[PDB]
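Worksheet: one structure, shown below.
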Amino acid sequence: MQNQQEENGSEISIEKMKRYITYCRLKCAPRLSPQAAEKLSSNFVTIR
Amino acid sequence: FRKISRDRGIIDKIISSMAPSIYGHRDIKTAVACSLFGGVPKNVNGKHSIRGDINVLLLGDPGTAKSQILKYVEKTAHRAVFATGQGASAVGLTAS
Ligand SMILES: Nc1ncnc2c1ncn2[C@@H]1O[C@H](COP(=O)(O)OP(=O)(O)OP(O)(O)=S)[C@@H](O)[C@H]1O
Ligand SMILES: [Mg+2]
């Protein structure tokens, strides 16, 4: 069933995951949008 | 091997064959036979690995012939390596 899910595309192989993780760590580094900081602030202060 | 395996009570005979010098410890002999024979170790899809060999713990009071059973397993098994914790004249358990 795992081979079937890998062939269907619902799962990827472990080596493909390894190379994808290396590629994403090497290439991408996101920033928070200015609209996304206010909700983070509100949720962080309500809990405290 | 095939002629002796097709008997119905072969397994019992194997339990009777473990440590003839040891008397009355039938469950220990069964555990020793299971450890010597062992299961199959499997690795499904590469990602998940299941161990396939039986680890046995002989807990006992002094004078219950556990050491003699260990020497029998040493004599019987293809690759049996004996180690001890308190003793010194033996191969260690630590890679170095
Ligand atoms: N059921 C048994 N059948 C045959 N011999 C036995 C049995 N129980 C004890 N013995 C004998 O009693 C002695 C005990 O020796 P050991 O195997 O060294 O004891 P032990 O199980 O290692 O326990 P320790 O060494 O005190 S921690 C040996 O001479 C055994 O042959
Ligand atoms: Mg002993």
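Going by Swiss-Prot, the residues shown for chain B are 484-579, listed in order.
Each Cβ is built from the backbone N, Cα and C atoms, and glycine gets one as well.
Quick look at what Swiss-Prot annotates:
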- B:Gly543, B:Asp544, B:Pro545, B:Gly546, B:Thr547, B:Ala548, B:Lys549, B:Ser550: ATP binding site (BINDING)
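The DSSP secondary structure for B:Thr547 (ATP binding site) is coil. Sequence-distant contacts (6 or more apart, same chain, Cβ under 8 Å) of B:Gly543 (ATP binding site) comprise B:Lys549. Using a 10 Å Cβ-Cβ cutoff, B:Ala548 (ATP binding site) registers 18 neighbours. Proximity of the binding-site residues (B:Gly543, B:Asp544, B:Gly546, B:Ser550) to ligand 2: a Cβ under 6 Å from the molecule is found for B:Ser550.
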